[PDB]
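The chain that follows stands alone, in the form deposited in one PDB entry, written as structure tokens.
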């Protein structure tokens, strides 16, 4: 009756890794539709499926970030979705094409670094992460979840001297030996076909499933375009995602509900390292048409739905609004994008970040001009 599972079988059965493994109601689910307009998707979807995509996307946005290591130059992240096949490719240095001595002993066969990265659970370059490292990745798990939910997958990486191609098939059951050839290219690509039918979807995807998933991925790519460094262009199905600022994100999310609106902007800064290395970009819209407070937070490349950084903004605005009114956040839509050192995620899904609220009180300052303009707009509505 007491059973012992391995990681691979556990991940196919257990919602704890990536969320539910069939379709459920995902409150707040959005996608982008073509001007770009973010719109709700009021149909049930599988959280673990969307997480396949997210794990690959955050791995790509992580790559340009140095954590006490040599700088890496990434000029593109290319995301593709067609005929059910999903791929994500970025340049910058490839995953090292070299034998991993420890994994080879554990496996009793030659195992190269990219196979460790994609096939070994609890394995990666962030196992001993510094508290100030602002990569989203931390557990050495996410890429393996993508593989375990794929009927077939191909990892291709090149390092400027060699290219490494490896098939990882049947939900990680069948790892084929890699093919290594000479090459002058340099990139990392993951291409896969999710187990759609096992996750509740039609085989092949229905028209509506395809449209919803494409819209979700496109919006995730647009979020990345605002987060990544100035040198990186994001593409979705070869089209550049032209949402490189928090203002552009705010406009896309409010185009239906409050077109031609004022966008209040702020760069929230800190004086002391490590916080001073990481300004937070903010854009907000205030409208009486908004039914409840909403934020979109892209923190360390992750779409965060809950965290004390939001509360810091809301409480600071509220204090001012109460004062000005006496002479409060339900009319606000706010976008917050940037890196925060020292946060801890509450699960592999990275839905919620955890931190002492006093980090923001001690270290960060919200510009008075933004607070004053937000307060004026909110009070006008209240009155």
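Note that the rigid core is defined as the largest set of C-alphas that superpose within 1.5 Å between two forms. Residue numbers count along the first chain shown, from 1.
S.K.: What size is the break between residue 34 and residue 35 in terms of deposited sequence residues left without coordinates: none, 1 to 3, 4 to 9, or 10 or more?
M.R.: Just 1 to 3 residues are missing between them.
S.K.: Looking at the deposited sequence, how many residues between residue 27 and residue 28 were given no coordinates in the entry: none, 1 to 3, 4 to 9, or 10 or more?
M.R.: In the deposited sequence, nothing is left without coordinates between these two.
S.K.: Is the mean CA B factor in the deposited entry higher across 185-193 or across 286-294?
M.R.: Looking at the recorded C-alpha B-factors, 286-294 comes out higher on average.
S.K.: What stretch has the higher average Cα B-factor here, 35-43 or 353-361?
M.R.: On average, C-alpha B-factors are higher across 35-43.
S.K.: Just the C-alpha B-factor column, please: which of 172, 130, 280, 122 has the biggest number?
M.R.: The C-alpha B-factor peaks, among 172, 130, 280, 122, at 130.
S.K.: Of 233, 276, 104, 87, which one's C-alpha B factor is largest in the deposited record?
M.R.: The listed residue with the largest C-alpha B-factor is 104.
S.K.: Which third, lowest, middle or highest, does the C-alpha temperature factor of residue 111 belong to within its own chain?
M.R.: As the PDB entry reports it, the C-alpha B-factor of residue 111 lands in the highest third of its chain.
S.K.: Relative to the other modelled residues in the chain, which third contains the C-alpha temperature factor of residue 241: lowest, middle or highest?
M.R.: It belongs to the highest third of the chain when residues are ordered by C-alpha B-factor.
S.K.: Split into thirds by Cα B-factor across the chain's modelled residues, where does residue 262 land: lowest, middle or highest?
M.R.: It belongs to the middle third of the chain when residues are ordered by C-alpha B-factor.
S.K.: Ranking every modelled residue in this chain by its Cα temperature factor as given in the entry, which third contains residue 319?
M.R.: Highest third.
S.K.: Please place residue 66 in the lowest, middle or highest third of its chain by C-alpha B factor as given in the entry.
M.R.: Highest third, going by the recorded CA B-factors of the chain.
Another form exists, deposited in another entry; not displayed. Remarks below refer to it.
S.K.: Using the rigid core as the fixed frame, list which single one of 72, 184, 109, 292 shifts its Cα by at least 2 angstroms between the shown form and the other one.
M.R.: Single residue meeting the criterion: 72.
S.K.: Quick one: with a 3 Å or larger change, is the residue 68 to residue 122 CA distance smaller or larger in that other deposited form? Answer closer or farther.
M.R.: Here the pair is closer than in that other deposited form; there, farther apart.
S.K.: Given a CA distance change of at least 3 Å, are residue 69 and residue 105 closer or farther in that other deposited form?
M.R.: Farther: residue 69 and residue 105 separate by 3 Å or more in that other deposited form.
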